[PDB]
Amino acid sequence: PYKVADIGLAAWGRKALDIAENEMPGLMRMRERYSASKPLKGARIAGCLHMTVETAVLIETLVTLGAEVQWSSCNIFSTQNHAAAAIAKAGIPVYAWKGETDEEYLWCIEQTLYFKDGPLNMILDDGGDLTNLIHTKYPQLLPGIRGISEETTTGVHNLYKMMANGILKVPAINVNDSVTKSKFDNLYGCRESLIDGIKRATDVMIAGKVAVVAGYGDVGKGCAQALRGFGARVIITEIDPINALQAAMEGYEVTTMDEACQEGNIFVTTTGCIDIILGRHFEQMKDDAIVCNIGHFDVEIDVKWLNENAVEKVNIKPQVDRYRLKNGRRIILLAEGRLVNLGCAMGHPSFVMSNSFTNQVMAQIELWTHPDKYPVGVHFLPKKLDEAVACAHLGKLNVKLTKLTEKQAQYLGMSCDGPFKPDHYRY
């Protein structure tokens, strides 16, 4: 019926949820407005997202809207046991825990495919692991699936690659590229959870350190800003000249890893790309350099090299390894190269996840309630809905939004109700 580390944590879990709800006004309005309507009636939503306190509230929201949900984790150390327990206690099949093996991980996603009253008809994925599993292993269920929504940047890039090669057989909504997700989650989320992750693992001082951030997209920007705020000297690496110039214009030295590896005290990878930190970098690092990743998959840091070339590996505590190298110096690796904010901390705070997840619900609704508008392709949520997500969070922050007058709306040639920006606007 489910699978977790300890059901006895459900009580504590429920508390952490009650607290989360006040921090998630977005998702609460959805429950407020759709509870009686039950738009998601008939939908069996198979989920593969980090089983956390924040996700628990999302899972319960989908249920409040009248759906059946089965949940797996998308990372083997991201799950929060007490959050997984409260959900499991509510009669909702959840298969996830903290510290899964790859075989265990794959085995979890498999339990969420089949419900009591039939296979899954909805995917809510991030990274596309569930998406790619059903496309490769279970292509006989693809026709039964009505729609899918993708949370993260790497997962939508994959959804664009599949569609191009004509192997994407199910319609999909790019939830990452809702402004309210990409511009808040990736940025402000990592901005607050990065250092938290590093701190819990190492308790290292950030001030006075040189920190090297590989990549300056939305995630890199947040990471950079955070480290800067605590008095680190931040060095950026980048392949994109536009992003690189943005970093230079903010006062960041922009150079290569081949150079930066020699002066960094702290290393954070955010590229979504392979081969970012390699043996030739490690060998040049200062003693007890702290290396961690916050990209979606654990492919940015060459962990294999450390395991193969170090003289000794000492485990300090879970998700914290200290390698001694043949040069005598040591490398502190976090979460074995898996994303550090969920691996060594609690991931993003509930408020920002409310934004991401208020998007996710609108996407699950729009795929199940209006399947017409969305044919087999990679689609966006309309700006007006994107605006509605943001608007829904203004109350809690005591933001007082201005309303255009008739005269002003005419002068601008837009509606008082929105949308207020053209589609190409970048905020």
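Quick note: we count residues from 1 along the sequence shown, nothing fancier.
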- Message: Please compare 207-215 with 119-127 and say which has the higher mean C-alpha temperature factor in the record.
- Response: 119-127
- Residue range whose averaged C-alpha B-factor is higher in the record, 300-308 or 67-75: 67-75
- Which one of 398, 35, 359, 402 shows the biggest C-alpha B-factor in the PDB entry? 35
- Task: For the C-alpha B-factor as written in the entry, point me to the maximum among 277, 145, 248, 224.
- Result: 145
- Message: Sorting by Cα B-factor within the chain, modelled residues only, which third would residue 338 end up in: lowest, middle or highest?
- Response: middle
- Message: Which third, lowest, middle or highest, does the C-alpha temperature factor of residue 177 belong to within its own chain?
- Response: middle
- Note on the structure: residue 198: C-alpha B-factor third of its chain, per the entry, is the lowest
- Tertile call for residue 161 (CA temperature factor, within chain, third-based) is the highest
- Using the B-factor values recorded in the entry, state whether the Cα atom of residue 352 falls in the lowest, middle or highest third among the modelled residues of its chain. middle
